[PDB]
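Read on for two forms of one protein chain; each stands alone as structure tokens, with the labels structure 1 and structure 2.
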Structure 1
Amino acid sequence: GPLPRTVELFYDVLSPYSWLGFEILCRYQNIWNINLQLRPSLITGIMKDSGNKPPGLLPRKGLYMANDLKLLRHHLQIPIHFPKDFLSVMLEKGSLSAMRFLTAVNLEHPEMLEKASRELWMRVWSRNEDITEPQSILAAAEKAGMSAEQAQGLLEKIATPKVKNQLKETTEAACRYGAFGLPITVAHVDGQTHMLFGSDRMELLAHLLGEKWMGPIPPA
């Protein structure tokens, strides 16, 4: 047994596939020999930088995504639900405030970041709730186990230079790694760096790390 391998996960709670990748890595983070670093990012920034556009906007792709996630819900046991209203609506509302809030968490209480992220996804991608209003974010944060005082204080820092710059810098790191969308997983292993896109490269990751893939729901 050697030292743990650092694995960076860049994600945005706006992204349904980011949630799937996030949960698989969280499930493996104390099974595999890895150091999982969560990297809250803005898909908006990545799209702009790369000249890419949200795949779901192409109707053939959007229809397929709804089918795919409905199956993945059961396969991965993550309560992901496609929104009742059109995707364009959720996309248009976006996730700027939520991702700024997750950034403030990472800056001050990174030990809370996994739960705060999960609770935000539970709003937008499970129960089909808003993630743009202050009250919506506070609700997710209290769900994560954050005191009201604690959550309020972080929310207050959403528009501060420190938080705004950190989110921008994390998002550009993803771009420098070659992102055109999210999630991306960056594994630093045996002296090389590998960037993997999507939630469907975790078995390949296990291979690169020399670890055993036991499916998306490993036994505890």
Structure 2
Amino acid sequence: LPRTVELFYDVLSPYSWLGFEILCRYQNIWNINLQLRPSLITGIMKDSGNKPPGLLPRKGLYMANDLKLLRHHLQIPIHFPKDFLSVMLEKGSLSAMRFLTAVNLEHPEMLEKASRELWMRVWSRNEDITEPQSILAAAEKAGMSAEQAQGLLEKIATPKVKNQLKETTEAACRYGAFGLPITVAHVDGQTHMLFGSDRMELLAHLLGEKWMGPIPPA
């Protein structure tokens, strides 16, 4: 039976995008059932008493250099902006994550593509992801029709959508999250929580699967 792997992420998290692309490349290679869980990193940080690593000068500088190298190693078009702290702390990703939650509730088959497009806007093209038109553009590029995207956008402020995002974020905390991304592997009645996009080789080991690098063949 395929092992269930849960990935908690926020589009505001560049490292979550990296982990997400690696798991998506392996979802049809490894015997796993990938379940995407849109969460709010702000909620996780507040609950754990943690703070964004970029607030400390040297860590912020390191992130920039690290992401620059990972762009080539992982072959993910990430272009980290110099004013990333403003993007993270001043703008945020509330509407975007509420939108992805609505997508997960009514059109889950579109969640992977819709998520990738939002990440592409904020961390690849340095485009806005807080305004309605911005989210609509991302949704349409993901394949949704103007009508579908519009219908979902109208529900981002409904109690059902808000409560679902809150619950998913709380589930991450219950697993012990202090940041994102976190991957939860359910292997033979055992649950393992791994933090970071750099624990995938360890995940392979736990699953008894073969690690073939961040870019597996075929």
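Shifts are known only where both forms have a C-alpha. For clarity, a rigid core is taken as the largest C-alpha set superposing within 1.5 Å between two forms. Numbers follow structure 1, counted from its first residue as 1.
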Exercise for review: Compare C-alpha positions between structures 1 and 2 after fitting on the rigid core and state which of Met90, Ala141, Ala104, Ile78 moves by at least 2 angstroms.
Suggested key: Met90
**Study point:** Value in Å for the CA shift of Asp190 between structures 1 and 2, taken after the core is superposed
**Key:** 1.6
Exercise for review: After fitting on the rigid core, list every run of 3 or more consecutive residues where each C-alpha shifts 2 Å or more between structures 1 and 2, in sequence order.
Suggested key: 84-91
